[PDB]
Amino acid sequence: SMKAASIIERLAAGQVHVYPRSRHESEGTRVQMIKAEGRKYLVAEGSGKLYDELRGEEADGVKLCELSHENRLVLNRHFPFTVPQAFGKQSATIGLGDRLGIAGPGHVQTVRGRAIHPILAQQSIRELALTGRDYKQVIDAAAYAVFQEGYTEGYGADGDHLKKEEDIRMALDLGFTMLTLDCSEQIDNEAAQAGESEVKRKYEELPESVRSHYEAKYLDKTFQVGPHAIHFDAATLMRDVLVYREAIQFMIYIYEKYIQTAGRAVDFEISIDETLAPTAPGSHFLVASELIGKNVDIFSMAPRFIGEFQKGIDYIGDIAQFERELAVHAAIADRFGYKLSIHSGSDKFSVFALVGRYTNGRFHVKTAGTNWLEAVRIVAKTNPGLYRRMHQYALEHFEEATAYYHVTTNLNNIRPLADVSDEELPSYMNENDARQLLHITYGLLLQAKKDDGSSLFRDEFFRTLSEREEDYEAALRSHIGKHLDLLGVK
């Protein structure tokens, strides 16, 4: 491996890019981050246990290190601000998911100087599967990004929408500080739609003790939440119990088995927006009441708001009605102490002001695929040839991906590639349908291979992004800054 030698030649010469906010020190060892263009490495001068413990090939006083998992574990031991940490429910957080592992620095640059704590490490099991990555890689990218930008005020790591215990225990063992319980397998959607009297049928099949609990505690009682009162008729109480009861036992069993016993602060987010019905406020209140009655420490709750929260696009539905429902949801979270969490929050610009107002800035908003879409925007401005090939590839495999994400995409709205010049290509990522076409097809585009073996687009994509890194980063700052401004952050 000759290059390690020359790179150091190129280094102390001074024609090599060093990230200016990346110099840190531990005892006698100084550490820096450099780009020997095309690639990123760690460089360590000095002498001390951090130099010795980093792995990489040396030359006199200098060691060149790849951004590996194990070098990340070493930096963790010497540099605390590179370890994920939890933030608690009296805070403002934003989940900045990165399907590529290259969005970190742009993300840090956006939250620098804003009153928000970033969850830089956030991926779901599906996203991992559709991209061929493990959770170690997700934390590695986030940790290396805060070291690159010298951002010491902290970041978190979120296991998004976990449903299986093996994945729960795995996320904890790897140091995840935030866990989002999915709870879909246990939500009884059948009961959420079923008509009345079928709800009474099934309700009265419930143990006497259970009905005596929920009825002695809720039936024909009214609860003050803020200025809003919530009253439980017999009809809604019975539907609620049937929709959520098994999901509530699951939340309690997960919390007691894995969260209470973790022996370190963990931010526990419960997701219940994977119900075909919106989450009524009485539903929300009862769930919370049951959890908080058994002393569970919730970080946030994600309800299903009225209307539609689809990937890629702004809100669909009646904004005044969403406002009425938001006002009560925010008030329920206030009574019980946790935050409201907004899934599929990205590009939902119509609701950000409302969310900032009614939660008085105390919220969680999750983004992800937007970030991949901003990368796709860069490919369309600087490598039109590459974008055309993917856009067409996306179009041909679009039916496949709608199994995984629920979109009402209208392909008839996407102008045909033949009818748009190269210069117009970027504008596709302003359009609802084209944005959704490339959002949900990321997994298919990332894994596609030439019929010999090598990647069909993935290597060219990352090569393009690496060389246009200054524009991607500036695209992220502009796109994500717009979210935070609309949220009213800082």
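Residue numbers run from 1 along the displayed sequence.
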| property | result |
| --- | --- |
| Greater mean Cα temperature factor according to the PDB record, 51-59 or 429-437 | 51-59 |
| Stretch exceeding the other in mean C-alpha B-factor - 188-196, 250-258 | 188-196 |
| Top Cα B factor in the deposited entry, candidates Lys348, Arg324, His364, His397 | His397 |
| Options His329, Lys381, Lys311, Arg245 - largest CA temperature factor per the record | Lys381 |
| Third of the chain, ranked by Cα B-factor, where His479 sits | middle |
| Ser209, C-alpha B-factor rank within chain (lowest, middle or highest third) | highest |
| Position of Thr279 among the chain's modelled residues by C-alpha B-factor, lowest, middle or highest third | lowest |
| Assigned third (lowest, middle, highest) for the C-alpha B factor of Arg169 | middle |
| Ranked C-alpha temperature factor of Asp158 among modelled chain residues, by third | lowest |
